[PDB]
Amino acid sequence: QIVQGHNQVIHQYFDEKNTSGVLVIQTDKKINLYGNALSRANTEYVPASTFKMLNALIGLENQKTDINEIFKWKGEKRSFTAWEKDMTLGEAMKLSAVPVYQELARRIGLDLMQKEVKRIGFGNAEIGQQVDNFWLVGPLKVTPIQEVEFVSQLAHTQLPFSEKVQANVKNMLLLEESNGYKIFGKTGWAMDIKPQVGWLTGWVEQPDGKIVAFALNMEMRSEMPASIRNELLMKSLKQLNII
């Protein structure tokens, strides 16, 4: 079942930021909901850059790229100064460097991408006709419950992809480590749709090996710092004793 967990404290975290959010937690036994807008858990949103996890799996699986490839910066202006360099798929994951993942998506091509997204059953599994932006503006949408299930399957090497491909993508997703707890995950922020949606979807590998998956999903506004997603996640995972 999917139930609200214990949390007046986490409800208050979201309220203090003056926005609506949910945090979905999946253990080997249960799915629990936390936050101040629990109906978000079963609502579809554009995945934004969380879809890089699946883009990478599909690109690597189909040998459109490899973890050693250096993607060339051809010199154009890019939203962030940090993106204006040659980099690997794994580097671009961490920077959320959309141009690299757009180049990859074009290599995959609309037809293979739609076939793979249908095979995985990700969200509504609709990609439309534009292969290089369907995750940012639609029509692809996915609920937070569906994202936490996807990322739990990746964490356990249970997606229907090569084991080595799943290991390679997991290795691109390490965000932080605290006292032997490793926190993996991928941020997203769809800034160009209304309302704006922020994500942080991932899992914790605890020191004894246990895995606890998460999907944070919240309404963003343009004044917020991008770090808000990480801040609310970390504080909540501490409150729940997951880290």
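Note that residue numbering follows the sequence shown and begins at 1. Here the rigid core means the biggest group of C-alpha atoms that line up within 1.5 Å when the two forms are laid on top of each other.
Comparing 211 to 219 with 184 to 192 by root mean square Cα distance to the shown form in 6 other deposited structures of this protein, with the rigid core used for the fit, gives 184 to 192 as the more displaced stretch. Larger root-mean-square CA separation from the shown form, computed after a rigid core fit of the structures in 6 other deposited structures of this protein, is seen for 170 to 178 when 33 to 41 is set against 170 to 178. Relative to one another, 32 to 40 and 66 to 74 have unequal mean CA B-factors, and 66 to 74 is the one with the higher figure. Between 84 to 92 and 132 to 140, the higher mean Cα B-factor belongs to 84 to 92. Looking at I10, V22, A226, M220, the one whose CA carries the top B-factor in the deposited record is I10. When the C-alpha B factors of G185, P47, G209, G59 are read from the deposited coordinates, the top value falls at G209. Ranked by Cα temperature factor within the chain, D111 sits in the highest third according to the deposited record. When the CA B factors of the chain's modelled residues are split into thirds, the value for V148 lands in the lowest one. Annotation for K170: CA B-factor lies in the lowest third of the chain's modelled residues. In the PDB entry, a CA B factor belonging to the middle third of its chain's modelled residues is recorded for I242. Sort the modelled residues of the chain by CA B factor and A215 lands in the lowest third.
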